[PDB]
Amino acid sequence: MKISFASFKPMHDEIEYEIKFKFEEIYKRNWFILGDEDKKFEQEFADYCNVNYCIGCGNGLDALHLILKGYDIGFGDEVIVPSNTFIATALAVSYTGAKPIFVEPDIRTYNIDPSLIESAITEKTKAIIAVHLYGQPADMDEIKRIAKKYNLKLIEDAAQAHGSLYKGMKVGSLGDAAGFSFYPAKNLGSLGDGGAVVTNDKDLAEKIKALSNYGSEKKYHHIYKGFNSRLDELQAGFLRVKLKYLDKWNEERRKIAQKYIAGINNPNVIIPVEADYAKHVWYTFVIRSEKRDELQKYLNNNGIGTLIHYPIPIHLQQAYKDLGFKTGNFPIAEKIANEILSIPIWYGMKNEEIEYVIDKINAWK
């Protein structure tokens, strides 16, 4: 048996005709930038997240960055982020000049440990970016408290959590503003690079709009040193179709994991756990084990495709050396990075395929 780590076939096949039609439809329109699908996606997406506004942009990274910027964050400003997130959450910060400051997660959730944040706060602090990793939220209520107390803007980095709920509410409406990636492989993935911001803050929004468009609100006029990071009319169209089935497919994903969660019985592996306040969307299904490479190789030899998120920690990436951190400053993220692994869980996976993985996992050593 051979099980790819990730496979689009099913959901793609599933809407092929409808996708082909969206495309034929806009191509005929010969309008590819800042138009209709942009508007309706934004409106619908914002609707989906239960917040006033949505501004589409070029990618999830860009989403965050635009938000800090719209917040006017940059040099000699600092921003809290979880030690164990995708480096993309850090660039964003760095991209403004601001300084990302790391906070460890709670190994039980893979998400930033609130109880750990205050201690990171400083005169320079300006914001905290709570990332919803793997598809389940950060403990927003607690995070909230502290942000308030300190008057920090709280930004959700919701790239991996489309359609997730925290205590019954939509990821996207839990902080001051959220950022999303529509990268191909997401729960809601574009057919290319894509991202978007969502906020109830009209001003933040308006600004962010302009910055994504050369810093311009009207023709021939440029009010800021913006850039160019928009979401193509094509991608937005593709998103509109997909958004109708997000909830649908996410429940399937949930069904698979439940199945993983009941089935795996191997002492060396810790399976992932859905936070009590969470409705996990399982962007990824991660397990941890001591001899991860071994497990990984075993699995691969068994036709089972895996990936790690992420074997290498931001503070240990050569791109962040300057900071001068080393093995031991974030042991937790360190540990995780060393034992972590992601198993297949794509929409369309079949029991046979699913049982199969459980079985080889359970038979590991």
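All residue numbers are counted from 1 along the displayed sequence.
Once the C-alpha B-factors are averaged per stretch, 26-34 and 303-311 rank with 26-34 first. Per-stretch averaging of Cα B factors for 268-276 and 229-237 places 268-276 on top.
Within the selection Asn338, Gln296, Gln318, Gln43, the deposited Cα B-factor values reach their highest point at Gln318. Reading the B-factor column for the CA atoms of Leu174, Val197, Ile112, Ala257 in the entry, the top value corresponds to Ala257. In this PDB entry, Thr89 carries a Cα temperature factor that places it within the middle third of its chain's modelled residues. Sort the chain's modelled residues by C-alpha temperature factor and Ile128 lands in the highest third, per the entry. The PDB entry assigns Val357 a C-alpha temperature factor belonging to the lowest third of its chain's modelled residues. The deposited CA B-factor of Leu204 belongs to the highest third of values across its chain.
Sort the modelled residues of the chain by CA B factor and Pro184 lands in the middle third.
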